[PDB]
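Take a look at the structure set out below.
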Amino acid sequence: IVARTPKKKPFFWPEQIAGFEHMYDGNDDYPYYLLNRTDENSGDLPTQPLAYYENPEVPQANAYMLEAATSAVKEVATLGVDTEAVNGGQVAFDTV
Amino acid sequence: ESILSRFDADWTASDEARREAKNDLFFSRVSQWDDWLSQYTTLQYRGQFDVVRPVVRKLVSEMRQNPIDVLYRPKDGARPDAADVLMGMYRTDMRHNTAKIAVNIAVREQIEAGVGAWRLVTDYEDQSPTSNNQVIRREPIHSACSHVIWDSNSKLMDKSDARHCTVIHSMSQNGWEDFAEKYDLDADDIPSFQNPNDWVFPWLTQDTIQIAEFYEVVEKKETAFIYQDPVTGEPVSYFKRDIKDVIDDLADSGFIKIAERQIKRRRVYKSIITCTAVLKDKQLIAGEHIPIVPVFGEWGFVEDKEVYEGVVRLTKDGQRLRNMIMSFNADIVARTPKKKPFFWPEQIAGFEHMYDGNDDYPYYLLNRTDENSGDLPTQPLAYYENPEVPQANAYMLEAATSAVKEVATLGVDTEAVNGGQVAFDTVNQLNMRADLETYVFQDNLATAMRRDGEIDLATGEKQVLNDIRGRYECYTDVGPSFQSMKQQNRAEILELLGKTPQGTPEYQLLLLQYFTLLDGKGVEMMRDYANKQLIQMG
Amino acid sequence: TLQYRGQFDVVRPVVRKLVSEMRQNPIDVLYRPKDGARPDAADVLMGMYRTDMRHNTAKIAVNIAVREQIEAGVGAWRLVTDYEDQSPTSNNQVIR
Amino acid sequence: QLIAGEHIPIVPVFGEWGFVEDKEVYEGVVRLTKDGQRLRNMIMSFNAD
Amino acid sequence: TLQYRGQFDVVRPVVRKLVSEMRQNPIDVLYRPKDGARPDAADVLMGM
Amino acid sequence: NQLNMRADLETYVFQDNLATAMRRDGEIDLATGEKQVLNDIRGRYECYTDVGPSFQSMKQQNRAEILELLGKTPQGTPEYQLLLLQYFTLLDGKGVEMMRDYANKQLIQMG
Amino acid sequence: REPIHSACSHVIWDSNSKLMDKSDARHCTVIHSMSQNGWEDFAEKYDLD
């Protein structure tokens, strides 16, 4: 799930680009964010693209079901000791 | 041919120890550096986290306050005086710093992997030595899994039934020169081998220089040639033949008592050979059974394949994934732009100053009306979103730390003594006890060199290499780490102090304390009146 | 395969736990004498018993025991006849 | 030239040491800490900007 | 460079911590005398 | 750290033979004159290497272990003999000198 | 007695010391880095140009 994923970056459309591609991806030195605007024909009245790719969140089915795996596991292992740290169900095996 | 069969044991041993060498050597990769295999230092970043050293130093710390020396109590039988000098020789040359180094190898290879070992051979040093003018040489070395291999189908971890004892020394050129000089061979023989070390070698160490040592185990069947008491009375002493060389003449001085009884011994032998050809086969060894003691962690037979390992193995899994996340997260913050408004390019070109870097102009005006267009600009108000971690890999870092803390749980009580680590100590116990066995065998060949009799009870025994074969009456056992026999007896004195009734018994034990004292005029005079009342009270 | 391989379990914590509690209490043998004539009978018998059962092989048998008793329900160790002449027991034997 | 104490004239002291390939590693915990440290420190300067 | 430089660490708290605990207990030498003839041997030796 | 400290001791003792060993001892005052440059007996390693806390002087070492055994000792005679030994070990000033005086006084009077 | 920093880069035990005390190592290769005046005084006490 985390091994096969892309990153989260805005999704614009290809005629808003081709003049810039520098101060946007890897530049912290240019606090200037301008993409293209008007193209031949088109509208041209571009709306807000603002399209981002969603980060993975674990389904919460398999999540609390890992809580349920640990659950079942700790269910079938319970032996324990007292404050004296001697007794508990393990003694049964000792008896055998 | 000998060298061929020794290459057979070398081959099988080296196979199962190539699988276990991959494992435990990858353990060492994890500990000394990290989990990173395959790509090394690529265009991505490299983070490191683990938990390793906290848990390691934890358990090592508890086992290093309780190093577990040897008890080896005397016989159940005739006399409980037998520990006698034997603890004198034991601690005399085991009080050296090399013993705790053997412990360091032990726990180091017992946490990551399940292994460890240290070497004991025969050296003769004339500087305030032990009796017979000898000292045992101790050499614990790392990568003991890939150094020594027990694959003679040892049924037990001590490997008392294994004939392999195949152990290599990897060193530099100067150590090869000195080693070939002390062991008397030419320095030009070029002793390469199949290598102990890592299988990559990305860095600079190109010297091979590996010398092999093999040790053979047979029963030897000692026979007859037993003598009697040199002064004639209480006859029938237990003496040897084979260790005695051509000179018996000092026993021909009026001792010289003959008897014949066939016996069955157990005797090993030493040999040193490299990968190229046979060098030295059948050279003198001292301690029968194993010359070099292994120590063990969790071991098992699946297909009857040796598995020597420890918990860290499983931990490694979570570890690698854990570490990756951070480097991954690194790039998340490493490759990002900043957050600034996204307008469109015909709203600009007249200003570009009081907007980006100016705090002096609280005037925010972009362009508005352009030729043609609408011109009716809407609110651009387009901002780039700051990174937030997916929360998949986030609580899955909670799940990496989870899995890791799952597979490491030992802990202590409010008393801060016990806990599951003791289990390893218990296995550790055997290891210590194990060496004792071989140790005792050394005693007969190296220094036994005194005898005892019925009633001063101490025999002079003036000759080289003489003793009685009845020396194993002592049984093997182990105990805490004690700094000297003065401090041992002091220790158990304190053990019985305070649990004793405040009447006479507390006072006699007390007087025994007043006897045992160290130095300074005060302790000398308190010792004086101490011994004074001791003798006055009979 | 082309997928990844993770590993977790709980196993070794529980195993080492119970093995640790049984390894502080290895459970040797009493074998008390007769109800009858004489209670001196343990006599040499415990001498022979422990003499060659004090060896490290016994706790190895315990390791087999608990190891195969946690995962599975089993374990065992072999005892046969050997004759060793180095400070042996009486009759000049040791059990293997 | 004349020396007095036999064996080593100058005493070393040691922390955690090991042999990987039989390569000397003398080190302590701070090593690993350094990693987090550098990244940690960067954040602040980054936050500064 | 044109960027800024911050510093944080944890270092000196932990360092000075452990150094502080080892510096209250500097660990001198016992070097006790022989097990044997005389336990007077520390004698001048600790003096020097 | 222990080993490290102990380590130097080894080399230290070796210095002793070449630099200053410079006294000898015998059976019974037991102290040998040994008037010459660089003389000693090779039997000097009878001492075995061990380490301990950091102690400021032999007076303060013996004082320290005096305190170590003080308080764990029965309030009867033993506490009083160890006590008198404390009264022996004292530093300076007329008070400690006179308490030391009657101290040694009773020590010798009690044999 | 002269403890000095950078002891890792000053003295090297690489004679294949098996133990941290390096009782088996023959290297004992240790350097003194100093200024000019300390070089003058050191060459004076140890008698060199």
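Residue numbers (the deposited numbering), protein chains in the order written: chain A, 340 to 435; chain B, 9 to 463, 498 to 580; chain C, 50 to 145; chain D, 291 to 339; chain E, 50 to 97; chain F, 436 to 463, 498 to 580; chain G, 146 to 194. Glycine is no exception: its CB is placed at the ideal position from the N, C-alpha and C atoms.
Using 8 Å as the limit for Cβ to Cβ distance, is residue 591 of chain F near chain B? Here chain F comprises residues numbered 436 to 580, so residue 591 of chain F is not present and cannot be evaluated.
For a test of the three-state rule: what should DSSP assign to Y223 of chain B, helix, strand or coil? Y223 of chain B: strand per DSSP, three-state reduction.
Using only alpha-carbon positions, find the residue among G:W184, G:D192, G:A188 and G:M179 that is nearest to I149 of chain G. For the residues G:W184, G:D192, G:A188 and G:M179, the minimum Cα distance to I149 of chain G belongs to G:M179.
Cutoff 6 Å; reference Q429 of chain B; Cβ partners in own chain excluding five residues on either side: Excluding positions up to five away in sequence, the list reads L67, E70 and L418.
N- and C-terminal bounds of the beta strand (DSSP E) containing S178 of chain B: Its beta strand (DSSP E) spans residues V175 to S178.
Quick check: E534 of chain B and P82 of chain B, are their CB atoms within less than 8 Å of each other? Result no, Cβ atoms of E534 of chain B and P82 of chain B do not sit closer than 8 Å.
Neighbourhood of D77 of chain E by C-beta distance below 6 Å, restricted to the same chain and skipping five residues each side: Nothing listed; no residue qualifies.
What residues in its chain sit with their C-beta under 8 Å from that of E503 of chain B, if we drop five residues either side in the sequence? Cβ within range, chain order: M457, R458, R459 and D509.
Where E566 of chain B falls, given that 16 or more other Cβ within 10 Å makes a residue buried: Classification for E566 of chain B: exposed.
Residue closest to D250 of chain B, alpha-carbon to alpha-carbon, out of B:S151, B:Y556, B:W41 and B:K229: Closest option to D250 of chain B, Cα to Cα, is B:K229.
Between the alpha carbons of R328 of chain D and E24 of chain B, how many angstroms are there, rounded? Whole-angstrom Cα-Cα distance: 42 Å.
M97 of chain E, buried or exposed, once every other Cβ within 10 Å from all chains shown has been counted against 16: Exposed is the call here.
Do the stretch 537-555 of chain B and the stretch 511-527 of chain B touch if we need at least three Cβ pairs shorter than 8 Å? Segments in contact, no.
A400 of chain B beta carbon less than 8 Å from that of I340 of chain A: Yes.
Only counting the same chain, and skipping five residues up and downstream in sequence, which positions put a Cβ closer than 7 Å to that of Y316 of chain B? Cβ neighbours of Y316 of chain B within its own chain (closer than 7 Å, five residues either side excluded): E28, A121, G122, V123, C153, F304, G305 and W307.
In angstroms, rounded to a whole number, what distance separates the CA positions of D451 of chain F and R99 of chain C? Answer to the nearest angstrom: the Cα atoms are 50 Å apart.
From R171 of chain G to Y447 of chain B, what distance separates their C-alpha atoms? Straight through space, the alpha carbons of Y447 of chain B and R171 of chain G are spaced by roughly 29 Å.
Check whether chain F comes within 8 Å of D166 of chain G, counting only Cβ atoms and requiring the distance to be less than that. Yes, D166 of chain G lies at the interface with chain F (some Cβ there is under 8 Å from its Cβ).
At a CB-CB cut-off below 9 Å, which residues of chain B make contact with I109 of chain C? The answer, in chain order, is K163, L164, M165, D166 and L438.
Could you tell me whether any Cβ in chain I is nearer than 8 Å to the Cβ of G562 of chain B? The structure shown contains no chain I; the protein chains it does contain are A, B, C, D, E, F and G.
Out of B:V254, B:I234, B:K347 and B:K252, state which residue places its alpha-carbon closest to the alpha-carbon of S245 of chain B. Just measuring C-alpha positions, the residue of B:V254, B:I234, B:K347 and B:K252 sitting nearest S245 of chain B is B:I234.
Say whether the stretch 50-58 of chain B touches the stretch 318-336 of chain B, bearing in mind that this needs 3 or more beta-carbon pairs closer than 8 Å, one atom from each stretch. Result yes; three or more Cβ-Cβ pairs closer than 8 Å.
Can you list, in chain order, the residues of its chain whose CB lies under 8 Å from that of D368 of chain B, leaving out five sequence neighbours each side? Setting aside the 5 residues that flank it on each side, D368 of chain B is surrounded in the same chain by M362, each with a C-beta closer than 8 Å to its C-beta; the list follows chain order.
To the nearest angstrom, report how far apart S168 of chain G and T174 of chain B are at their CA atoms. If you draw a straight line from the Cα of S168 of chain G to the Cα of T174 of chain B, it is about 26 Å long.
Classify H177 of chain G as buried or exposed, calling it buried when 16 or more other Cβ atoms lie within 10 Å of its own Cβ. So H177 of chain G ends up on the exposed side.
Counting only Cβ pairs nearer than 9 Å, list the residues of chain B close to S154 of chain G. Contact of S154 of chain G with chain B by beta-carbon distance below 9 Å is absent, the smallest such distance being about 17 Å.
Hey, could you find the ends of the alpha helix (DSSP H) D443 of chain F is sitting in? It spans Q437 to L453 - the alpha helix (DSSP H) in which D443 of chain F sits, taken as one unbroken run.
Can you find a C-beta in chain G that's less than 8 Å from the C-beta of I300 of chain D? Answer yes: the Cβ-Cβ gap between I300 of chain D and chain G drops below 8 Å somewhere.
C-alpha gap between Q505 of chain F and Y571 of chain F, whole angstroms: Cα to Cα, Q505 of chain F sits roughly 42 Å from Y571 of chain F.
What residue from B:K290, B:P75 and B:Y277 has the CA that sits closest to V226 of chain B's CA? Closest by alpha carbon: B:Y277.
Does any C-beta atom of chain A lie closer than 8 Å to the C-beta of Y80 of chain C? By this cut-off, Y80 of chain C is not an interface position.
Measuring CB to CB, does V412 of chain B end up less than 8 Å from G326 of chain B? Yes, these two residues count as a Cβ contact at 8 Å.
In angstroms with no decimal places, state the Cα-to-Cα distance between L438 of chain B and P398 of chain B. If you take the alpha carbons of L438 of chain B and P398 of chain B, they lie about 50 Å apart.
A500 of chain F: contacting residues in chain B (beta-carbon distance under 8 Å): Per Cβ cutoff of 8 Å: no residues; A500 of chain F is ~15 Å from chain B at best.
Quick one: residues in its chain with C-beta nearer than 7 Å to the C-beta of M579 of chain F, no 5 flanking neighbours on either side, listed in chain order? Nothing listed; no residue qualifies.
Using a C-beta to C-beta distance shorter than 7 Å, which residues of chain B count as neighbours of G308 of chain D? Residues of chain B passing the Cβ test: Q40, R116 and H150.
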